[PDB]
Structures are given as C-alpha cells and as structure tokens.
RNA sequence: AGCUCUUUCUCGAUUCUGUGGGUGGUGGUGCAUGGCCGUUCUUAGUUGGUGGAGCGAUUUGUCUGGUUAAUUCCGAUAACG
C-alpha cells in the first residue's frame, strides 16, 4: 500500500479472519491459484495467506468506489450462504442485489422486463454462478469474485481469496468489503470501530 | 303433327331469305378451377418474436423426473415472455 497504517493490516481483523476460518482453504490448487497459497499443512488443507488477502481486498474495493453513481454495481449469489450476506451489502452501499437463480439472458436481451445493465459485477464462487460470468463478456463488464483455492479463473479480472465453503467465512468477507468502501468514499472513516456487526451478514441457518 | 302432298282462303311487315354474330347443352375434362365434404387424426399436436448454440441445412424454447384423459400441471432449466 503506502499509507501509514490506515490502509494496512490492523491487529483486530486478524483475529476475526482466524475465528471465522477464512485462512483455511480447500484440498486442490490450480495453476493460477498458487500465488496466494503459501504452503500445505500436515493435513490436506492448503493455507491461504492473509497478507495476500489484505492487499487484494483493497484495490478490489477501490474499483467498486470509482463509479460515480453506485446503483449499478450488481451483486449476485445463488448459493444459500451468500444470500443473507449480499442483501445487507446492497442495503449498506448502493448496489442492486440478484439473489437466487439468475435467469439467464439478463443483460443479453433487449426485451425482458427484468433487463439490467450494470457496469461491474461482484460474484460469489465462480463455479456456482457460471451463467452471469459467461454473459459478462457479451456486454464488456469488469468482474470481481471470491475464489476458493481451486475455482476456475477465467473472466475474473481480480480475485479476493477466501475459504468460502460456507460457515462464517462467507458473511465475514462481504462485511469487510462493505467496511472498506465506506471508509474511502463516505465519511464513516474514523479508524475506530464500525458500529455494524459482522454477525448479521452471516447465513440465516435453520433456527431454534 | 297442315309433318308432307292434293285443294285455297286467312293473317299483314311482327316476319322471311343470305351472311356475319351468337345462344343453348345432365357434352368432355374433378389432372384447368371455386365452393363443399371425406380422410390422414380424434390421438395431442402446431408456430413466430427477442436472445443463445452452429460456416450452414437447423436447433434451443416445445424438458431428466413426478402427474394428468390431455404440449394437463408441478418442478427442473440458455432461455424469457
């Protein structure tokens, strides 16, 4: 980075990452996903580094800020875990959520009453939301997403590594993303702790 | 049957005679046609728009499954309406 400590790692957030198990990562690698891994464990787990997570969070977020009108940075997730997360995301920062089954042809059509035309996309898990990704390259959208350690990289301009096999790893990462964009664009910045909880960005989950 | 012939009046330009031109026909052609009907077919089938996939003829939509008497619905889903 280059800012003094106000765009660099904080002692607090390290604890939150490790409590939510984001550092742990799946038992497979790609030829593009080996530049964020450090090494393997005794176990089949492959340990994502959090330094490498932190830088990628920032320039990803700075691009989300750069649009003049935030009302067309369309977020998407279809897996259950990333549903509750995206809804709070797009409430907090001006965005348009697309929860559940995508319904393809959304941006390709001209005649469709659910037609959209955003600029950016922020997708959870490339290999569950493959339909909008393929469709991104017909309308010249930049793309950002959360990769595991083995998700295919293709139509992903920038990645933000994560564990993302569920748990608290999903909701935590979307919460952190929303923290950063408000520090930069808004006036929420104070470098002293944000009021909003990462708790209500987690999965609803079958209740008591 | 004044049809024809013998016999010899009546009607009065409507006709008659020649040519041209038509008119009529349960004549032919249903393989020149309209209309109507039968059958394929009484089963559940049929199509375009916009978008996607193919150099293209085309295809997807119009479906693995359950369900219904039924392309009848539920559901799933590069298709949507």
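What follows is calculated from the coordinates using simple rules that are stated; it is not laboratory data. Positions of Cβ are generated from backbone atoms using ideal geometry, with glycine treated the same way; all protein chains shown enter the neighbour counts.
Residue-by-condition table, conditions (1) out of contact with any helix residue (DSSP H, G or I) (no Cβ under 8 Å at 6 or more places or on another chain); (2) buried (at least 20 other Cβ atoms within 10 Å of the Cβ):
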position	(1), (2)
A:76	no, yes
A:84	no, yes
A:137	yes, no
A:143	no, no
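Restricting attention to the stretch A:107-162, which residues are farther than 23 Å from residue A:178 by Cβ, away from RNA strand B (no atom under 16 Å from the Cβ) and within 15 Å of the chain's Cα centre (by Cα)?
Across the stretch A:107-162, the qualifying residues are A:149, A:153.
Run down A:171, A:105, A:166 and say which single residue is surrounded by fewer than 20 Cβ atoms within 10 Å (Cβ to Cβ) and within 28 Å of residue A:7 (Cα to Cα). Even if it seems obvious, please write down each step before you answer.
Numbers: A:171 fails: surrounded by fewer than 20 Cβ atoms within 10 Å (Cβ to Cβ); A:105 fails: within 28 Å of residue A:7 (Cα to Cα).
It is A:166.
Consider residue A:65 carefully, then state whether it is more than 24 Å from residue A:198 (Cα to Cα) and either away from RNA strand B (no atom under 16 Å from the Cβ) or surrounded by fewer than 14 Cβ atoms within 10 Å (Cβ to Cβ) (or both). Before the answer, list the steps.
Details: more than 24 Å from residue A:198 (Cα to Cα): no; either away from RNA strand B (no atom under 16 Å from the Cβ) or surrounded by fewer than 14 Cβ atoms within 10 Å (Cβ to Cβ) (or both): yes.
Judged against the criteria, residue A:65 is not a match.
Cβ-Cβ distance below 9 Å, separation of 6 or more or different chains: which pairs start in the stretch A:1-12 with a residue that is without any contact (Cβ under 8 Å) to a residue 40 or more places away in the chain and on the phi > 0 side of the Ramachandran plot and end on one that is part of a loop (DSSP other than H, G, I, E, B) and surrounded by 12 or more Cβ atoms within 10 Å (Cβ to Cβ)?
Within 9 Å, the pairs are A:2/A:8.
Scanning for something touching a strand residue (DSSP E or B) at 6+ places or on another chain (Cβ under 7 Å) and free of Cβ contacts under 8 Å to residues at least 24 places away in the same chain, does the stretch A:153-175 turn up at least one residue?
Yes, because at least one residue in the stretch A:153-175 is touching a strand residue (DSSP E or B) at 6+ places or on another chain (Cβ under 7 Å) and free of Cβ contacts under 8 Å to residues at least 24 places away in the same chain.
Any residue at all in the stretch A:192-202 that's away from RNA strand B (no atom under 16 Å from the Cβ), touching a residue at least 24 places away in the same chain (Cβ under 8 Å), more than 20 Å from residue A:80 (Cβ to Cβ) and out of contact with any helix residue (DSSP H, G or I) (no Cβ under 8 Å at 6 or more places or on another chain)?
As a first pass, look at the stretch A:192-202 and keep what is away from RNA strand B (no atom under 16 Å from the Cβ): A:192-202.
Then drop every residue that is not touching a residue at least 24 places away in the same chain (Cβ under 8 Å), which leaves A:193, A:196, A:198, A:200-202.
Filter once more, keeping what is more than 20 Å from residue A:80 (Cβ to Cβ): A:193, A:196.
Going one step further and asking which of them are out of contact with any helix residue (DSSP H, G or I) (no Cβ under 8 Å at 6 or more places or on another chain), we end up with none.
No.
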